[PDB]
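Let us start with two forms of the same protein chain, each given on its own as structure tokens and named structure 1 and structure 2.
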Structure 1
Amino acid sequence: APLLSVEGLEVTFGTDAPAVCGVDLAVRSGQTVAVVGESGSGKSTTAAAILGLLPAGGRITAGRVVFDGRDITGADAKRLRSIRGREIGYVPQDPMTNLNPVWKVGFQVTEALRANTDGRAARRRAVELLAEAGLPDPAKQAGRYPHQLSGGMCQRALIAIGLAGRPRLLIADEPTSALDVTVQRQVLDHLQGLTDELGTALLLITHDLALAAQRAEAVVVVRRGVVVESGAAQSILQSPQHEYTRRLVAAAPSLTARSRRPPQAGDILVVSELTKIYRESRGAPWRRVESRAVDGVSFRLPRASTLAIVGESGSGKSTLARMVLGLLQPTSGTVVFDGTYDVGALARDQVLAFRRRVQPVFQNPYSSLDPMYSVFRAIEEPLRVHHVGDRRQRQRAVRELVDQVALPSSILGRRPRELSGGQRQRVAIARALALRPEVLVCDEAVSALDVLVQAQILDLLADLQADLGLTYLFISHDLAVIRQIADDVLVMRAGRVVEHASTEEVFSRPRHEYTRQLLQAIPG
């Protein structure tokens, strides 16, 4: 008799088509199970259907959920309180918006264990909970507001909230998606060691497949609502059966990072000792603080090649992306292209003759490409600020670029609303190479995409170079998707270069600490 025996299920959202269409899973009352699935596949909705937190339109229309014999598919709002906190726990996804921003975190943790009445012994246990969940200084960190903690501490506190009543089953609804890998490993290694001595079961809901196989014990794969394959973990990665699992394991960067990666003097970009110095007026208006976002970086970028810049948040890799494009003023550096960038050329005459040979590609597809346009008027724009002939030229070109980024060529009146981001990024790529530049600056252009959509954009940029002879400056936040494309790696920490060498002297023999833990932090 398992501790969770869901079989048959359907969750319709307001007389629309169903989101879940027949899922069936079971937790063996002490084991670890993963609910691997692509985005929008109804993998998290399922969780929200087990607890009862179906948002504002949901309703179970088939099957039944049975937690340890007693059926609970009937959400008896009064009976659910004997099960909601003390027998089934829930760890949310977003760390910033899952805490009331007007209550100290200590109050929110001491109100989550309060079944017995006391004021002093409960504020002396909501601190021990935060101390055992793992937290630098649980004395004063429990006296701050949810907006003064930093990313990983909010999640380390959400875990303590979730494990307050000693549940028999935890539901970790994608707990470490929005965290950088360095703490995305520590938080998971601590959770899987905390729920290992309490006997608690665990139900990961991830979007990776090589992560679950490292953590979980039984993996279940979901597509569009239906379970596709489910078996032992260490036999679902090395011997898949369903074609979906095949194209899901052959598109993970954790395999292909061990490939052959088949491939005029060069040295176009030459950076030397860039520096940016930010001052903040926090507190008194005359006690300004000193902070270096970018501190003495220097490199040289050879033509017809690639160079990836990595580093977690607060590494100034996004500020360095602006100082190169000319969208931000440096302090003590030069980024001279050949004779460009303020020395002889980019003074008043090459302020436009430079924009037509260096163009950026931004991070999320939904911000760029303003709503009140069409796919045509968005690609035609960089030909309208410069000058090219009208309908003969300006129409023939746009419907030829569309064919290079492999778009149906019938999406020329669609506003960016009905575009299903992932092919909305193929429009930001086509707009970039409209004037045939020779440098692209991909500022995490592919970080915010699905697992299968991301594998195609990297495979599209890699052959959009072998023909045009482009020259990329890729900017990522993890060593995972590099081995495929990049030929040279630069690592940054706290805004200062750490190691710089080829992508083989870094993926097989690194000579630094902080870049040797970025290797042992990928799900491999």
Structure 2
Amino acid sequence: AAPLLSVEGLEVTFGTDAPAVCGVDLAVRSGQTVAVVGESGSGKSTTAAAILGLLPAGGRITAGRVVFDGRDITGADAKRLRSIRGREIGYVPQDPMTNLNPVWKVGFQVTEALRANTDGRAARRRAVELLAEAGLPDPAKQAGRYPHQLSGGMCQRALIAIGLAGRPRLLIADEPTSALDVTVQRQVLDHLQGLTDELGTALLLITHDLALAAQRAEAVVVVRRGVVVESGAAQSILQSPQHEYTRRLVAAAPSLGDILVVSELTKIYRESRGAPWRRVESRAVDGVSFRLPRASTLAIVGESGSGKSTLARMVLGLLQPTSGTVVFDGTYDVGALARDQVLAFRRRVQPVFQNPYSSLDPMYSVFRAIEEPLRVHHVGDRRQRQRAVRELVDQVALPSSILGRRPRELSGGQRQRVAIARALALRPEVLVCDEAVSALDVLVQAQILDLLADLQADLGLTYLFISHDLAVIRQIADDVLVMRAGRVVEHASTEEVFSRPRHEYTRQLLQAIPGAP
């Protein structure tokens, strides 16, 4: 009775603007897992910092209460909160890179999280014991490394070990495995859900996708713009959602002749690591060769550190290879492109880059940013250009009044719409989506993905979709190409990769998506 952490009524406000988190409600049952779900800007992480008292410069509670075992912890009062922080409530941050003090020898940052100790003898060895129970490959050797020498997925294990240091009764893991890549997120979560059955910790976790929080957690709490939209069991919400917003969040989640003929593309790197007479080579891409038909979609899939962005840049002319050829269309050999063929080939292949917040020239209106390829290539006199831009802005949603704005006052999806409409200006025969939709919210993600599919169907385009995961690719792509450490692993149709894989690296890449098994 009277469970841990009844958060009824929180009303955080960020400095006299408007309640950034209106009335919420949740309660953790001291042994159960509760996951909060919602897009960005929904005030989930905020109400994960309002409980701990870690609100940034502005915020402050303005209503409601937060109990814990029966004692109100809304009293910031860092003399009573000092007996709850760490000793009965853990915490796990979101960003793995920038959450460890970068000058302090992570084996020493772990050893003060358990401050209750002998201060010099039980500390330095119990800390390595903790690092071992976390999961690092060899702890005693990596308890002596700064946090810039550890991998992305090792800093997160170190942060988990720091979290469950004083044996808390409630972990508040806040979107932990979101910067990590799949097949690492899955292992980290499988270990975090084992470190809880031994302890009994409660693990309220913040996330942003149902399909995950439906196979990990026990209760689900959906949030829209700082309002608790729906609440209840996991299965009952995934199979039968009642409120229309949850239905829209479910129906848009991932659950369900040749022009360009590469041959033996290789890219080596004459690396430098210290001693000048010692330079090692790091083969980034090698032995890649495929064929892409017309009016189809090929999709390259690989983890971080597989050499797919290098492949993209070497395909669209911005990088010199080391071997092989990338002959295009039969004549436009991209390896050694002649003088005139530069601008003969720049209007038949066009890229779409990774993140939209840093690819739009902050000092250009969204008209002088769309008409730029239309200016460089000497087309349209002066007003036929305005006609062309006004007709281009129409093929994406982009209301016809958006012209004249600035990239600093546009949305997250509107920037990617603008970049697509720019790349599509001068009739490109081929687009190259370089992880185009990967930094967007799930709804706008599905929206612009459907937009791309529609454009392909109505213009006869050809895509070279690059993506780091395999769940957002079943709908659009037609052929798949898996990569590992540079090499190609498997290359077949969608079904022959989504039904019956034939390599032990693709299988344990399929099962790693938030699917049922």
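Rigid core: the largest C-alpha set superposing within 1.5 Å between the two forms. Reference numbering: structure 1, starting with residue 1.
Here the rigid core is superposed between structures 1 and 2, and of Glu381, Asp342, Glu132, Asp94 the C-alpha of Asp342 is the only one to shift by 2 Å or more. With the core superposed, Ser239 shows a C-alpha displacement below 2 Å between structures 1 and 2. Core-superposed comparison between structures 1 and 2: the CA of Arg392 exceeds or equals a 2 Å shift. Taking 2 Å as the criterion, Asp118 counts as shifted between structures 1 and 2: its C-alpha moves by at least this amount when the rigid core is aligned. Taking the core as the reference frame, the CA atom of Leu9 shifts 1.0 angstrom between structures 1 and 2.
Once the core is aligned between structures 1 and 2, the alpha carbon position of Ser298 differs by 0.3 Å; this is the C-alpha shift at that site.
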